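Notes follow the structure.
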Amino acid sequence: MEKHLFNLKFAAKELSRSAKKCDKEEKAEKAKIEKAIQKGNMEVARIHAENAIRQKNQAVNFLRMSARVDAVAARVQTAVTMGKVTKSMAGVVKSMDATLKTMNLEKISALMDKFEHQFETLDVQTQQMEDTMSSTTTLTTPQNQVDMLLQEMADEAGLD
Amino acid sequence: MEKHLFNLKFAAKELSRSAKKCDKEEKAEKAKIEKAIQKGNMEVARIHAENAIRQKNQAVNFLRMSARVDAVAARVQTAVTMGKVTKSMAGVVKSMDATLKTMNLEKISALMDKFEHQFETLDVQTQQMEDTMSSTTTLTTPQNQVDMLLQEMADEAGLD
Amino acid sequence: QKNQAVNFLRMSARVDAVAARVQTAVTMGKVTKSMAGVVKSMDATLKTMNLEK
Numbered sequence: 001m002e003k004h005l006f007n008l009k010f011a012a013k014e015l016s017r018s019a020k021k022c023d024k025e026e027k028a029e030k031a032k033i034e035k036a037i038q039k040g041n042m043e044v045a046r047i048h049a050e051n052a053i054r055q056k057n058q059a060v061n062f063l064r065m066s067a068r069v070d071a072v073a074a075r076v077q078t079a080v081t082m083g084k085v086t087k088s089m090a091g092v093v094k095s096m097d098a099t100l101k102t103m104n105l106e107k108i109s110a111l112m113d114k115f116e117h118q119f120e121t122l123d124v125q126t127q128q129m130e131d132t133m134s135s136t137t138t139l140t141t142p143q144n145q146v147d148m149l150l151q152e153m154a155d156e157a158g159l160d
Numbered sequence: 001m002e003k004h005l006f007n008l009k010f011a012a013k014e015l016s017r018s019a020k021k022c023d024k025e026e027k028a029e030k031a032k033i034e035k036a037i038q039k040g041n042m043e044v045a046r047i048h049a050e051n052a053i054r055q056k057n058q059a060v061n062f063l064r065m066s067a068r069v070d071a072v073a074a075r076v077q078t079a080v081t082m083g084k085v086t087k088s089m090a091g092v093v094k095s096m097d098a099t100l101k102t103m104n105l106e107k108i109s110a111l112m113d114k115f116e117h118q119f120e121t122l123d124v125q126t127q128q129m130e131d132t133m134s135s136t137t138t139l140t141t142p143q144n145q146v147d148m149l150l151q152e153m154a155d156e157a158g159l160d
Numbered sequence: 055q056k057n058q059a060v061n062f063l064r065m066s067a068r069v070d071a072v073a074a075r076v077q078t079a080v081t082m083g084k085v086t087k088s089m090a091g092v093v094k095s096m097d098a099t100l101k102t103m104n105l106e107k
């Protein structure tokens, strides 16, 4: 499908370029007319005048085609990108669906209260551990000593 | 079909070039006439004058052919590019059609309400998850503490 | 030229007035911020320096 989009854009840019040439030729042809009629030739001056004119009207005609073809090119662009979005969206709806069948909310919620209970047990493990761990080395940290220390750095705390 | 377009443009540019030569020869031939009649020769001066003239009228004739042939060349150009646009357009109408038969709007719209329902379920999954997830670690974020904090940075907020 | 002199000079007046009040607004701003500063630093140094100690 892309192939046709690319050919349309190509045809558009094509028409623009050709129109551009015909216009350029038009200007050059004015110049050439002036050189011609400078001699006093009334025939060459004629067919040059003529080719100048046709170059200009061709410029109009081509450039018009460039317009309309460009428009269709735009809408085709929209059509393709729309296509991509549609496909990909179908993709997420499906994968998410078949992953919504085994992930259906009940199993999740269960997994979550299971979660609460779980790390709750983590916390009690922690607490227990730190009780025995702090009652084994506790000879090296009297309560009294810590009291007088904390007081020591209390009264003078911000005095430096 | 391109082959004939290319031969027409070729014939046009051909005629232009030959016309150009005949013109150049014309000027050179004026010069040569002057050299000739400088001696006083009334015969060489004749046939040179003659060839000068015919060179000029040939310039007219050729250049005229260049004009008209160029015109047909232009319209043929339009015909070809029109051809390309037509084919490619037929292409998009068809591919898009046979992709409009299995993509026919009803199935899409269905896919879309299915879409709403789907990500709706996503949101409830989210909400649930964050409830248990924020009620498990919630010991580490008292409500009171957050209140006094937010107030702390409320009163002085923009004072810096 | 003379009436323009009047007109411009009038604009100079009023714009100058607003300029003055804006000046007051800014300096007021500075004073407010800095004052908030002393109230706070002095406060958090009033918590560990509280009169009893």
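Protein chains in written order, with the authors' numbering: chain Ab, 1 to 160; chain Ad, 1 to 160; chain Cp, 55 to 107.
By construction, the Cβ of each residue, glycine as well, lies at the ideal position given by its N, Cα and C atoms.
- The Cβ atoms of Ad/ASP70 and Ad/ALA12 lie closer than 7 Å to each other.
- By the neighbour-count criterion, in which a residue is buried when 16 or more other Cβ atoms sit within 10 angstroms of its Cβ, Ab/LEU139 is exposed.
- Exclusion of the five residues before and after Ab/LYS9 leaves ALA73 as the residues of its chain whose Cβ lies within less than 6 Å of its Cβ.
- Between the alpha carbons of Ad/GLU152 and Cp/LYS94 lies a gap of roughly 11 Å.
- Take Ad/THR81, set aside five residues on each side of it, and no residue of its chain has a beta-carbon closer than 7 Å to its own.
- Excluding the 5 residues flanking it on each side, Ad/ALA45 has same chain C-beta neighbours closer than 8 Å at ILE33, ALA36, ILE37, in chain order.
- Residues of chain Cp whose Cβ lies closer than 7 Å to the Cβ of Ad/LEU159 are, in chain order, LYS87, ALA90.
- Chain Ab places no beta carbon closer than 7 Å to that of Ad/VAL69, leaving this residue out of the contacts.
- Under the Cβ distance rule, Cp/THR102 counts among the residues neighbouring chain Ab, one pair being separated by less than 7 Å.
- Using a Cβ distance threshold of 7 Å, Ad/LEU5 and Ad/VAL76 count as a contacting pair.
- Counting along the chain, Ab/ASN7 sits inside the alpha helix (DSSP H) bounded by residues 2-39.
- Across the segment 26-46 of chain Ad, no CB contact with chain Ab closer than 8 Å is found for any residue.
- Near chain Cp, meaning a CB-to-CB distance below 8 Å, the residues of the segment 139-156 of chain Ad are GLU156.
- Between Ad/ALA67 and Ab/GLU43 a beta carbon distance of about 12 Å is seen, past the 8 Å cut, so the two are scored as non-contacting.
- DSSP places Ad/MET148 within a helical segment (H, G or I) once states are collapsed to three.
- DSSP places Cp/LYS101 inside the alpha helix (DSSP H), whose first and last residues are 56-101.
- Assigned with DSSP and collapsed to three states, Ad/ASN51 falls in helix.
- Within the same chain, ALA19 come within 6 Å of Ad/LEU63 by CB-CB distance, once the 5 residues on both sides are set aside.
- At a cut-off of 7 Å between beta-carbon atoms, Ad/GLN118 makes contact with chain Ab.
- Setting aside the 5 residues that flank it on each side, Ab/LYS56 is surrounded in the same chain by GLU26, each with a C-beta closer than 7 Å to its C-beta; the list follows chain order.
- Between Ad/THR136 and Ab/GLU116 a beta carbon distance of about 5 Å is seen, short of the 8 Å cut, so the two are scored as contacting.
- Nearest in C-alpha terms to Ab/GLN58, of all of Ab/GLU14, Ab/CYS22, Ab/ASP147, Ab/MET112, is Ab/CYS22.
- Taking a contact as a CB-CB distance under 8 Å, the pair Ad/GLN128 and Ab/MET112 counts as one, their CB atoms being some 7 Å apart.
- Sorting Ab/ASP97, Ab/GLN143, Ab/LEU159, Ab/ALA157 by C-alpha distance to the C-alpha of Ad/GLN118 places Ab/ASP97 at the top.
- The distance from the Cβ of Cp/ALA90 to that of Ad/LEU149 is about 18 Å, inconsistent with a contact at the 8 Å cut-off.
- Straight across, the Cα-Cα distance linking Ad/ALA154 with Ad/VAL146 is about 12 Å.
- Rounded to whole angstroms, the gap between the alpha carbons of Ad/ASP131 and Cp/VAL92 is 43 Å.
- In its chain, beyond the 5 residues on either side, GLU26, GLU29, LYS30, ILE33 have a beta carbon closer than 7 Å to the beta carbon of Ad/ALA52.
- For Ab/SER16, the closest alpha carbon among the candidates Ab/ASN61, Ab/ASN41, Ab/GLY40 is that of Ab/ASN61.
- The alpha-carbon of Ad/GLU156 is positioned some 28 Å away from that of Ab/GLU156.
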